Protein chains: 2
Amino acid sequence: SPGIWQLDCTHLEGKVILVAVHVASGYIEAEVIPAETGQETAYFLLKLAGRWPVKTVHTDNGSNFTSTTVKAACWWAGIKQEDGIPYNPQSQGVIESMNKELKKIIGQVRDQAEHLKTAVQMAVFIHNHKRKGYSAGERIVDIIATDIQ
Amino acid sequence: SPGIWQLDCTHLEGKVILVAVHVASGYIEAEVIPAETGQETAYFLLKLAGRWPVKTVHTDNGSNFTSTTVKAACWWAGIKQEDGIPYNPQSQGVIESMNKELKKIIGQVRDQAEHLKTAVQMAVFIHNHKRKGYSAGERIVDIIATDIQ
Ligand SMILES: O=C(O)c1c(CN2C(=O)Cc3cc(Cl)ccc32)ccc2c1OCCO2
Ligand SMILES: O=C(O)c1c(CN2C(=O)Cc3cc(Cl)ccc32)ccc2c1OCCO2
Ligand SMILES: O=C(O)c1c(CN2C(=O)Cc3cc(Cl)ccc32)ccc2c1OCCO2
Ligand SMILES: O=C(O)c1c(CN2C(=O)Cc3cc(Cl)ccc32)ccc2c1OCCO2
Ligand SMILES: O=C(O)c1c(CN2C(=O)Cc3cc(Cl)ccc32)ccc2c1OCCO2
Ligand SMILES: O=C(O)c1c(CN2C(=O)Cc3cc(Cl)ccc32)ccc2c1OCCO2
């Protein structure tokens with residue numbers, strides 16, 4: 001459980017926002033890229049796995065799942081690469097709802113920055129700090145620290 | 001002390017590596033930028049503070065300490081911006097030692113990537129996972145989680 005993350009890709013202003021969600025807490029990291037390519041996904045995962053203990057990643061689509069660059073990064077980083085098929089058929093709805101909420105947050109800060117990438121990082125900040133009550137950031141630290149503490 | 005971070009800026013291959021260290025654990029995040037400007041430092045801090053609970057940052061120099069773009073990001077993110085003067089005079093050697101170690105790691109992976117930014121993120125991964133027997137990544141989550149609970 002504490003090592004599991006889900007990748008998610010969404011589009012806004014003709015750019016791509018790649019998101020990784022820590023499935024047990026709802027904590028996220030996100031970046032703006034020009035387009036989702038295996039190389040960008042690989043580098044996003046290498047960043048993520050240097051910062052948090054990423055044991056398993058459910059990939060967002062079959063292109064990333066197949067990408068040899070992605071598989072090379074997963075190998076390098078000790079990550080088990082898995083599919084992101086909604087085996088629980090409520091996973092597709094959860095992912096859609098997350099993107100809608102993320103885009104709502106982005107719209108709430110959009111005017112405070114020139115560049116979309118800045119507004120996305122403001123939106124990561126607001127989501128991870130939001131109380132609902134613990135925040136996502138509190139939950140992920142409690143989850144991982146319990147895992148041997 | 002669980003919210004305290006130190007910024008640090010080092011140079012390699014004619015590029016700038018900006019580093020934030022979590023003082024109590026030694027955990028780091030790092031990025032490659034063309035040059036240290038207020039805008040890049042501000043954006044780096046906004047990313048950091050969306051991901052970890054950053055209460056105080058000791059800035060790496062007086063230009064960032066003065067930068068109104070940095071001060072605006074610190075206000076936005078709820079960060080107390082402080083100087084990074086080694087009032088504890090060993091603090092100078094500790095920072096240069098960290099840079100030399102980081103550049104050693106980078107040299108150990110440099111050949112496995114075309115682009116410096118990828119080698120820096122590999123180095124972040126290796127440092128944060130290194131056992132010294134707990135890792136930096138383990139220490140920071142234990143520090144912050146003990147603070148929550
Ligand atoms: O409120 C949401 O819908 C939301 C969520 C909801 N969420 C959880 O709490 C757990 C979880 C697992 C997965 Cl697989 C996807 C989303 C979520 C996560 C991230 C977000 C969200 O909203 C916007 C920004 O990021
Ligand atoms: O206008 C922008 O998008 C931008 C900004 C804009 N801006 C400021 O000038 C002060 C500030 C605080 C915060 Cl919390 C967010 C954005 C900004 C800062 C750094 C950047 C930016 O672009 C991307 C890289 O660095
Ligand atoms: O402030 C939060 O909601 C938060 C927290 C909350 N919190 C803790 O549980 C421990 C802690 C220490 C400090 Cl000194 C400030 C806030 C927190 C932890 C990690 C985060 C957070 O938000 C950013 C993502 O990581
Ligand atoms: O071994 C080191 O010197 C080292 C350190 C040492 N370190 C700690 O453990 C605590 C600490 C506080 C501060 Cl203010 C600076 C460095 C460190 C941190 C990060 C690194 C390091 O080397 C590799 C890259 O990151
Ligand atoms: O050659 C690079 O530096 C690079 C790479 C190189 N590379 C692979 O092709 C597979 C791989 C695994 C890992 Cl663990 C690190 C780098 C690479 C991937 C993504 C990138 C890169 O550069 C920019 C960001 O995206
Ligand atoms: O693997 C580590 O050394 C590590 C850890 C170590 N560890 C824990 O304390 C709990 C845990 C759960 C899992 Cl499932 C894997 C590793 C760890 C935590 C955070 C990190 C780590 O390294 C990456 C940065 O964040």
# chains A, B, ... in the order shown; residues from 1 in each chain; ligands from 1
>>> interface_residues(of="chain B", to="chain A", cutoff="8 Å", atoms="only C-alpha atoms", output="list in words")
residues 29, 43, 46, 47, 49, 50, 51, 52, 53, 77, 118, 121, 122, 124, 125, 126, 128, 129, 137, 138, 141, 142, 144, 145 and 148 of chain B
>>> calpha_fit_and_write(fixed="chain B", moving="chain A", output="compact mmCIF listing (two decimals) with N, CA and C atoms, in the first residue's frame")
# COMPACT_ATOMS: atom_id res chain seq x y z
N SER A 1 12.24 22.67 13.99
CA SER A 1 13.16 21.72 13.30
C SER A 1 12.66 21.01 12.04
N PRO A 2 11.48 20.30 12.08
CA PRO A 2 11.07 19.51 10.91
C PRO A 2 10.69 20.35 9.68
N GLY A 3 10.40 21.64 9.87
CA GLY A 3 10.06 22.55 8.73
C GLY A 3 11.25 23.33 8.12
N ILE A 4 12.49 23.08 8.56
CA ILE A 4 13.62 23.91 8.13
C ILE A 4 14.42 23.36 6.96
N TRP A 5 14.61 24.21 5.94
CA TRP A 5 15.38 23.79 4.79
C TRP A 5 16.45 24.87 4.47
N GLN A 6 17.51 24.46 3.82
CA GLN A 6 18.63 25.31 3.41
C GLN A 6 18.74 25.27 1.89
N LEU A 7 18.77 26.42 1.22
CA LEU A 7 19.03 26.41 -0.24
C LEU A 7 20.51 26.45 -0.47
N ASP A 8 20.92 25.97 -1.62
CA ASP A 8 22.37 25.83 -1.93
C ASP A 8 22.43 25.85 -3.44
N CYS A 9 23.43 26.53 -4.01
CA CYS A 9 23.50 26.66 -5.47
C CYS A 9 24.92 26.20 -5.80
N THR A 10 25.09 25.34 -6.78
CA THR A 10 26.45 24.89 -7.18
C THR A 10 26.54 24.85 -8.69
N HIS A 11 27.76 24.79 -9.29
CA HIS A 11 27.89 24.91 -10.75
C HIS A 11 28.57 23.67 -11.34
N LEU A 12 28.13 23.24 -12.52
CA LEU A 12 28.75 22.10 -13.16
C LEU A 12 28.41 22.17 -14.64
N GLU A 13 29.38 21.86 -15.53
CA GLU A 13 29.17 21.94 -17.01
C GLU A 13 28.57 23.26 -17.48
N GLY A 14 28.94 24.35 -16.81
CA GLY A 14 28.44 25.66 -17.14
C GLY A 14 26.98 25.88 -16.82
N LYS A 15 26.37 24.97 -16.04
CA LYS A 15 24.96 25.14 -15.67
C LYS A 15 24.93 25.28 -14.16
N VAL A 16 23.76 25.57 -13.60
CA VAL A 16 23.62 25.79 -12.18
C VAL A 16 22.76 24.64 -11.62
N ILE A 17 23.13 24.09 -10.46
CA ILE A 17 22.24 23.08 -9.83
C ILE A 17 21.74 23.77 -8.58
N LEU A 18 20.43 23.91 -8.46
CA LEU A 18 19.91 24.49 -7.24
C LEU A 18 19.50 23.32 -6.35
N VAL A 19 19.82 23.41 -5.06
CA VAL A 19 19.55 22.26 -4.14
C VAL A 19 18.80 22.78 -2.94
N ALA A 20 17.82 22.02 -2.44
CA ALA A 20 17.25 22.37 -1.14
C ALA A 20 17.53 21.18 -0.26
N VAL A 21 18.05 21.44 0.93
CA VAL A 21 18.33 20.37 1.90
C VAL A 21 17.45 20.54 3.09
N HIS A 22 16.93 19.40 3.53
CA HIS A 22 16.14 19.40 4.73
C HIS A 22 17.14 19.21 5.88
N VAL A 23 17.29 20.27 6.68
CA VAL A 23 18.50 20.36 7.48
C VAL A 23 18.63 19.17 8.49
N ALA A 24 17.53 18.83 9.14
CA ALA A 24 17.50 17.71 10.12
C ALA A 24 17.72 16.31 9.56
N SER A 25 17.37 16.03 8.30
CA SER A 25 17.57 14.71 7.78
C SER A 25 18.66 14.54 6.76
N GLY A 26 19.05 15.61 6.11
CA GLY A 26 19.95 15.53 4.94
C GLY A 26 19.24 15.14 3.62
N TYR A 27 17.92 15.03 3.65
CA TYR A 27 17.19 14.69 2.39
C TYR A 27 17.30 15.92 1.47
N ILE A 28 17.41 15.70 0.16
CA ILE A 28 17.49 16.83 -0.77
C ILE A 28 16.50 16.75 -1.98
N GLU A 29 16.20 17.94 -2.55
CA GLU A 29 15.56 17.98 -3.88
C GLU A 29 16.51 18.87 -4.67
N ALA A 30 16.58 18.71 -6.00
CA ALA A 30 17.53 19.49 -6.77
C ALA A 30 17.03 19.67 -8.16
N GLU A 31 17.46 20.76 -8.85
CA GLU A 31 17.07 20.96 -10.26
C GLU A 31 18.26 21.60 -10.97
N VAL A 32 18.36 21.38 -12.26
CA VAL A 32 19.31 22.13 -13.12
C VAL A 32 18.57 23.33 -13.71
N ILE A 33 19.17 24.51 -13.63
CA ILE A 33 18.65 25.71 -14.29
C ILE A 33 19.78 26.44 -15.06
N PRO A 34 19.48 27.30 -16.07
CA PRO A 34 20.60 27.96 -16.81
C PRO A 34 21.41 28.88 -15.94
N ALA A 35 20.72 29.55 -15.01
CA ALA A 35 21.38 30.47 -14.09
C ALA A 35 20.45 30.79 -12.93
N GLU A 36 21.05 31.14 -11.81
CA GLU A 36 20.23 31.32 -10.63
C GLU A 36 19.68 32.73 -10.80
N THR A 37 18.38 32.87 -10.89
CA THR A 37 17.67 34.15 -10.99
C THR A 37 16.62 34.08 -9.90
N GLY A 38 16.08 35.23 -9.51
CA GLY A 38 14.98 35.22 -8.52
C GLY A 38 13.80 34.41 -9.02
N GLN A 39 13.45 34.53 -10.31
CA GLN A 39 12.32 33.79 -10.78
C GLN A 39 12.51 32.25 -10.68
N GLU A 40 13.66 31.78 -11.08
CA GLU A 40 13.90 30.31 -10.97
C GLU A 40 13.88 29.89 -9.50
N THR A 41 14.55 30.65 -8.62
CA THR A 41 14.52 30.30 -7.18
C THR A 41 13.08 30.28 -6.67
N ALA A 42 12.30 31.30 -7.03
CA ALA A 42 10.89 31.36 -6.55
C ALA A 42 10.12 30.10 -6.98
N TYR A 43 10.24 29.73 -8.25
CA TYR A 43 9.49 28.59 -8.76
C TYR A 43 10.00 27.31 -8.10
N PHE A 44 11.33 27.21 -7.89
CA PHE A 44 11.85 25.98 -7.16
C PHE A 44 11.22 25.89 -5.76
N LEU A 45 11.19 27.01 -5.05
CA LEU A 45 10.57 27.01 -3.70
C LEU A 45 9.07 26.72 -3.70
N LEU A 46 8.34 27.24 -4.67
CA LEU A 46 6.93 26.90 -4.76
C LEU A 46 6.77 25.39 -4.97
N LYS A 47 7.56 24.76 -5.85
CA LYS A 47 7.53 23.29 -6.02
C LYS A 47 7.81 22.56 -4.72
N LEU A 48 8.92 22.94 -4.09
CA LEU A 48 9.31 22.27 -2.86
C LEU A 48 8.15 22.35 -1.82
N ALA A 49 7.62 23.56 -1.59
CA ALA A 49 6.67 23.77 -0.52
C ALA A 49 5.27 23.15 -0.80
N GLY A 50 4.99 22.79 -2.07
CA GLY A 50 3.80 22.00 -2.39
C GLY A 50 3.97 20.53 -2.04
N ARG A 51 5.23 20.09 -1.90
CA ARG A 51 5.53 18.70 -1.71
C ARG A 51 5.88 18.30 -0.29
N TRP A 52 6.52 19.23 0.42
CA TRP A 52 6.90 19.00 1.83
C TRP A 52 6.49 20.23 2.62
N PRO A 53 6.38 20.10 3.93
CA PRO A 53 5.88 21.20 4.79
C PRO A 53 7.04 22.16 5.05
N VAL A 54 7.27 23.17 4.20
CA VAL A 54 8.43 24.04 4.27
C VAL A 54 8.04 25.25 5.14
N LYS A 55 8.52 25.28 6.37
CA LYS A 55 8.18 26.45 7.24
C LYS A 55 9.20 27.58 7.19
N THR A 56 10.46 27.21 7.13
CA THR A 56 11.54 28.19 7.07
C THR A 56 12.54 27.79 6.01
N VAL A 57 13.03 28.76 5.26
CA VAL A 57 14.09 28.52 4.28
C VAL A 57 15.26 29.45 4.57
N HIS A 58 16.41 28.87 4.77
CA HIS A 58 17.61 29.69 4.81
C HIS A 58 18.10 29.83 3.39
N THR A 59 18.10 31.08 2.92
CA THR A 59 18.38 31.38 1.52
C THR A 59 19.90 31.24 1.31
N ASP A 60 20.32 31.01 0.09
CA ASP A 60 21.70 30.67 -0.19
C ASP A 60 22.62 31.89 -0.38
N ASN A 61 22.01 33.05 -0.60
CA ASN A 61 22.79 34.28 -0.86
C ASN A 61 21.91 35.52 -0.69
N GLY A 62 22.51 36.74 -0.75
CA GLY A 62 21.73 37.90 -0.49
C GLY A 62 20.87 38.35 -1.65
N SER A 63 21.20 37.90 -2.84
CA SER A 63 20.36 38.21 -3.99
C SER A 63 18.97 37.53 -3.90
N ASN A 64 18.99 36.24 -3.55
CA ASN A 64 17.76 35.56 -3.33
C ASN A 64 17.05 36.05 -2.11
N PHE A 65 17.81 36.41 -1.10
CA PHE A 65 17.22 36.92 0.11
C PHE A 65 16.48 38.22 -0.18
N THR A 66 17.03 39.03 -1.07
CA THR A 66 16.44 40.35 -1.44
C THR A 66 15.38 40.28 -2.51
N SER A 67 15.47 39.30 -3.42
CA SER A 67 14.60 39.17 -4.59
C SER A 67 13.11 39.39 -4.25
N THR A 68 12.47 40.32 -4.95
CA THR A 68 11.03 40.50 -4.68
C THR A 68 10.22 39.31 -5.20
N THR A 69 10.67 38.64 -6.24
CA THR A 69 9.97 37.46 -6.72
C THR A 69 10.06 36.32 -5.69
N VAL A 70 11.29 36.13 -5.11
CA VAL A 70 11.45 35.16 -4.06
C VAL A 70 10.58 35.52 -2.87
N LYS A 71 10.61 36.79 -2.48
CA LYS A 71 9.76 37.12 -1.27
C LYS A 71 8.26 36.89 -1.59
N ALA A 72 7.83 37.17 -2.82
CA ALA A 72 6.44 36.92 -3.19
C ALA A 72 6.11 35.41 -3.11
N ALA A 73 7.00 34.55 -3.60
CA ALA A 73 6.75 33.12 -3.43
C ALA A 73 6.75 32.64 -2.03
N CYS A 74 7.65 33.18 -1.20
CA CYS A 74 7.67 32.81 0.21
C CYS A 74 6.35 33.26 0.90
N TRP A 75 5.91 34.45 0.58
CA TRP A 75 4.61 34.92 1.12
C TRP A 75 3.50 33.96 0.68
N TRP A 76 3.44 33.68 -0.63
CA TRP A 76 2.31 32.86 -1.18
C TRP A 76 2.27 31.53 -0.46
N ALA A 77 3.46 30.95 -0.32
CA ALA A 77 3.60 29.56 0.23
C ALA A 77 3.65 29.45 1.77
N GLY A 78 3.61 30.59 2.47
CA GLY A 78 3.63 30.50 3.95
C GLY A 78 5.03 30.21 4.46
N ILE A 79 6.04 30.60 3.71
CA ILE A 79 7.40 30.30 4.11
C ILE A 79 8.07 31.52 4.81
N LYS A 80 8.70 31.31 5.96
CA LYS A 80 9.57 32.33 6.59
C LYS A 80 10.92 32.31 5.92
N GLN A 81 11.27 33.42 5.32
CA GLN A 81 12.48 33.48 4.58
C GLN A 81 13.58 33.98 5.51
N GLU A 82 14.67 33.25 5.66
CA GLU A 82 15.71 33.68 6.57
C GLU A 82 17.03 33.77 5.84
N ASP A 83 18.08 34.33 6.48
CA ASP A 83 19.43 34.32 5.87
C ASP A 83 20.06 32.93 6.03
N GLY A 84 21.13 32.64 5.30
CA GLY A 84 21.81 31.36 5.46
C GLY A 84 23.20 31.58 6.03
N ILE A 85 23.36 32.63 6.84
CA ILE A 85 24.69 32.92 7.38
C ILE A 85 25.02 31.78 8.36
N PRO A 86 26.19 31.11 8.16
CA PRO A 86 26.74 30.10 9.07
C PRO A 86 27.00 30.67 10.50
N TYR A 87 25.91 30.99 11.22
CA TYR A 87 25.97 31.40 12.63
C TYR A 87 26.73 30.35 13.44
N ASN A 88 26.46 29.08 13.12
CA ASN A 88 27.36 28.00 13.46
C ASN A 88 28.40 27.95 12.33
N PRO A 89 29.64 28.44 12.60
CA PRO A 89 30.71 28.60 11.59
C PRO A 89 31.22 27.28 10.94
N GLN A 90 30.48 26.18 11.13
CA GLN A 90 30.75 24.86 10.53
C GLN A 90 29.72 24.59 9.42
N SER A 91 28.85 25.56 9.18
CA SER A 91 27.82 25.47 8.13
C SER A 91 28.40 25.64 6.72
N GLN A 92 29.42 26.50 6.57
CA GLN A 92 30.04 26.75 5.25
C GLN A 92 30.74 25.49 4.77
N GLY A 93 31.44 24.82 5.70
CA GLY A 93 32.16 23.58 5.41
C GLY A 93 31.18 22.44 5.09
N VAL A 94 30.07 22.39 5.83
CA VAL A 94 29.04 21.36 5.59
C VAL A 94 28.47 21.52 4.16
N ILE A 95 28.14 22.75 3.79
CA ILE A 95 27.60 23.04 2.45
C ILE A 95 28.63 22.71 1.35
N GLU A 96 29.89 23.09 1.54
CA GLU A 96 30.93 22.75 0.56
C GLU A 96 31.06 21.22 0.41
N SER A 97 31.00 20.50 1.52
CA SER A 97 31.21 19.06 1.51
C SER A 97 30.04 18.42 0.79
N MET A 98 28.83 18.92 1.05
CA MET A 98 27.64 18.42 0.32
C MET A 98 27.80 18.61 -1.20
N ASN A 99 28.28 19.77 -1.65
CA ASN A 99 28.39 19.96 -3.08
C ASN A 99 29.40 19.04 -3.65
N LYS A 100 30.54 18.85 -2.96
CA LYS A 100 31.55 17.89 -3.47
C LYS A 100 30.98 16.51 -3.58
N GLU A 101 30.24 16.08 -2.57
CA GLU A 101 29.68 14.69 -2.63
C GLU A 101 28.64 14.58 -3.74
N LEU A 102 27.81 15.61 -3.90
CA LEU A 102 26.79 15.58 -4.94
C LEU A 102 27.47 15.48 -6.29
N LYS A 103 28.57 16.24 -6.48
CA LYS A 103 29.21 16.22 -7.78
C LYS A 103 29.89 14.84 -8.01
N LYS A 104 30.34 14.23 -6.93
CA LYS A 104 30.91 12.85 -7.00
C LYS A 104 29.87 11.87 -7.48
N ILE A 105 28.66 11.94 -6.91
CA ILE A 105 27.57 11.07 -7.34
C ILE A 105 27.22 11.29 -8.78
N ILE A 106 27.09 12.58 -9.16
CA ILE A 106 26.78 12.90 -10.52
C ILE A 106 27.81 12.27 -11.49
N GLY A 107 29.08 12.39 -11.14
CA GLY A 107 30.12 11.80 -11.96
C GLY A 107 29.97 10.28 -12.03
N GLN A 108 29.52 9.67 -10.95
CA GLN A 108 29.32 8.20 -11.01
C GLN A 108 28.19 7.75 -11.95
N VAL A 109 27.21 8.62 -12.23
CA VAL A 109 26.11 8.24 -13.13
C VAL A 109 26.19 8.98 -14.42
N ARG A 110 27.16 9.90 -14.57
CA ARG A 110 27.07 10.87 -15.70
C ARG A 110 26.88 10.21 -17.06
N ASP A 111 27.56 9.07 -17.22
CA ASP A 111 27.60 8.31 -18.45
C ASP A 111 26.30 7.59 -18.77
N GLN A 112 25.42 7.40 -17.78
CA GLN A 112 24.14 6.70 -18.03
C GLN A 112 23.04 7.62 -18.60
N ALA A 113 23.35 8.92 -18.78
CA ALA A 113 22.33 9.89 -19.36
C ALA A 113 22.95 10.88 -20.31
N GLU A 114 22.20 11.30 -21.32
CA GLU A 114 22.69 12.37 -22.16
C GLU A 114 22.73 13.74 -21.45
N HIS A 115 21.67 14.09 -20.69
CA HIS A 115 21.49 15.44 -20.23
C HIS A 115 21.84 15.52 -18.76
N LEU A 116 22.48 16.62 -18.39
CA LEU A 116 22.90 16.79 -17.04
C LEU A 116 21.67 16.69 -16.11
N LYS A 117 20.53 17.23 -16.52
CA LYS A 117 19.39 17.26 -15.57
C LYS A 117 19.06 15.83 -15.17
N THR A 118 19.18 14.87 -16.11
CA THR A 118 18.87 13.47 -15.74
C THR A 118 19.85 12.91 -14.76
N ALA A 119 21.15 13.21 -14.92
CA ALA A 119 22.13 12.69 -14.02
C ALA A 119 21.94 13.30 -12.61
N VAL A 120 21.55 14.57 -12.55
CA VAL A 120 21.26 15.18 -11.23
C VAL A 120 20.11 14.47 -10.52
N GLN A 121 19.07 14.14 -11.28
CA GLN A 121 17.91 13.46 -10.60
C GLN A 121 18.33 12.03 -10.18
N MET A 122 19.18 11.35 -10.97
CA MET A 122 19.77 10.08 -10.51
C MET A 122 20.55 10.26 -9.26
N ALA A 123 21.32 11.38 -9.18
CA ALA A 123 22.11 11.63 -7.97
C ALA A 123 21.22 11.94 -6.74
N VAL A 124 20.09 12.66 -6.91
CA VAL A 124 19.11 12.90 -5.84
C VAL A 124 18.59 11.54 -5.36
N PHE A 125 18.25 10.71 -6.33
CA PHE A 125 17.74 9.37 -5.96
C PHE A 125 18.82 8.62 -5.08
N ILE A 126 20.02 8.54 -5.58
CA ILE A 126 21.08 7.76 -4.86
C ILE A 126 21.32 8.36 -3.49
N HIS A 127 21.39 9.72 -3.38
CA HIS A 127 21.61 10.30 -2.06
C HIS A 127 20.49 10.02 -1.11
N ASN A 128 19.24 10.20 -1.54
CA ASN A 128 18.15 10.10 -0.60
C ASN A 128 17.93 8.63 -0.12
N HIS A 129 18.35 7.68 -0.98
CA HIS A 129 18.18 6.24 -0.63
C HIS A 129 19.37 5.66 0.13
N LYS A 130 20.49 6.35 0.13
CA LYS A 130 21.77 5.82 0.74
C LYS A 130 21.62 5.50 2.19
N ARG A 131 22.00 4.29 2.59
CA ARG A 131 21.91 4.04 4.00
C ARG A 131 23.16 4.48 4.76
N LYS A 132 22.96 5.15 5.90
CA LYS A 132 24.05 5.38 6.85
C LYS A 132 23.59 5.37 8.31
N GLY A 133 21.31 1.57 10.25
CA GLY A 133 21.45 2.85 9.54
C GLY A 133 20.24 3.16 8.66
N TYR A 134 19.69 4.37 8.81
CA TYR A 134 18.49 4.80 8.08
C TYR A 134 18.91 5.62 6.82
N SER A 135 18.03 5.73 5.84
CA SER A 135 18.34 6.69 4.71
C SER A 135 17.83 8.10 5.03
N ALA A 136 18.28 9.10 4.22
CA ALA A 136 17.72 10.46 4.40
C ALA A 136 16.22 10.43 4.19
N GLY A 137 15.76 9.68 3.21
CA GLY A 137 14.31 9.64 2.95
C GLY A 137 13.54 9.05 4.13
N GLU A 138 14.07 8.00 4.73
CA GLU A 138 13.46 7.50 5.99
C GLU A 138 13.48 8.52 7.08
N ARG A 139 14.60 9.26 7.25
CA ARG A 139 14.70 10.23 8.33
C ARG A 139 13.71 11.35 8.16
N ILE A 140 13.53 11.86 6.92
CA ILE A 140 12.66 13.03 6.85
C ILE A 140 11.22 12.64 7.13
N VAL A 141 10.81 11.43 6.71
CA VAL A 141 9.43 11.03 6.93
C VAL A 141 9.23 10.80 8.47
N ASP A 142 10.21 10.19 9.10
CA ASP A 142 10.11 9.94 10.61
C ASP A 142 10.05 11.24 11.38
N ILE A 143 10.88 12.22 10.98
CA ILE A 143 10.89 13.53 11.60
C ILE A 143 9.58 14.27 11.46
N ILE A 144 9.01 14.29 10.26
CA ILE A 144 7.79 15.06 10.05
C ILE A 144 6.56 14.34 10.65
N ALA A 145 6.53 13.02 10.55
CA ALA A 145 5.41 12.25 11.13
C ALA A 145 5.40 12.35 12.67
N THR A 146 6.56 12.34 13.31
CA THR A 146 6.60 12.56 14.77
C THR A 146 6.02 13.91 15.14
N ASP A 147 6.31 14.93 14.36
CA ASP A 147 5.68 16.22 14.55
C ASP A 147 4.14 16.11 14.46
N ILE A 148 3.52 15.92 15.63
CA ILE A 148 2.10 15.44 15.79
C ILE A 148 1.76 14.13 15.00
N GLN A 149 1.83 12.97 15.69
CA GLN A 149 1.45 11.61 15.16
C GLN A 149 0.70 10.75 16.19
>>> select_by_dssp(residues="stretch 34-149 of chain A", states="helix (DSSP H, G or I)", output="number ranges by chain")
A: 38-51, 62-66, 68-77, 91-112, 116-129, 136-146
>>> select_by_dssp(residues="stretch 44-136 of chain B", states="strand (DSSP E or B)", output="PDB file with N, CA and C atoms, in the first residue's frame")
ATOM      1  N   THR B  56      10.427  27.223   7.163  1.00  0.00           N
ATOM      2  CA  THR B  56      11.525  28.192   7.078  1.00  0.00           C
ATOM      3  C   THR B  56      12.525  27.776   6.026  1.00  0.00           C
ATOM      4  N   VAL B  57      13.019  28.740   5.263  1.00  0.00           N
ATOM      5  CA  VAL B  57      14.128  28.472   4.344  1.00  0.00           C
ATOM      6  C   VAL B  57      15.241  29.427   4.592  1.00  0.00           C
ATOM      7  N   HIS B  58      16.408  28.856   4.755  1.00  0.00           N
ATOM      8  CA  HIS B  58      17.588  29.695   4.839  1.00  0.00           C
ATOM      9  C   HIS B  58      18.089  29.834   3.434  1.00  0.00           C
ATOM     10  N   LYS B  80       8.667  31.299   5.971  1.00  0.00           N
ATOM     11  CA  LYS B  80       9.517  32.362   6.588  1.00  0.00           C
ATOM     12  C   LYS B  80      10.857  32.330   5.936  1.00  0.00           C
ATOM     13  N   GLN B  81      11.212  33.432   5.319  1.00  0.00           N
ATOM     14  CA  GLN B  81      12.427  33.449   4.583  1.00  0.00           C
ATOM     15  C   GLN B  81      13.558  33.943   5.504  1.00  0.00           C
ATOM     16  N   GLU B  82      14.639  33.214   5.670  1.00  0.00           N
ATOM     17  CA  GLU B  82      15.699  33.654   6.577  1.00  0.00           C
ATOM     18  C   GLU B  82      17.027  33.740   5.826  1.00  0.00           C
TER      19      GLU B  82
END
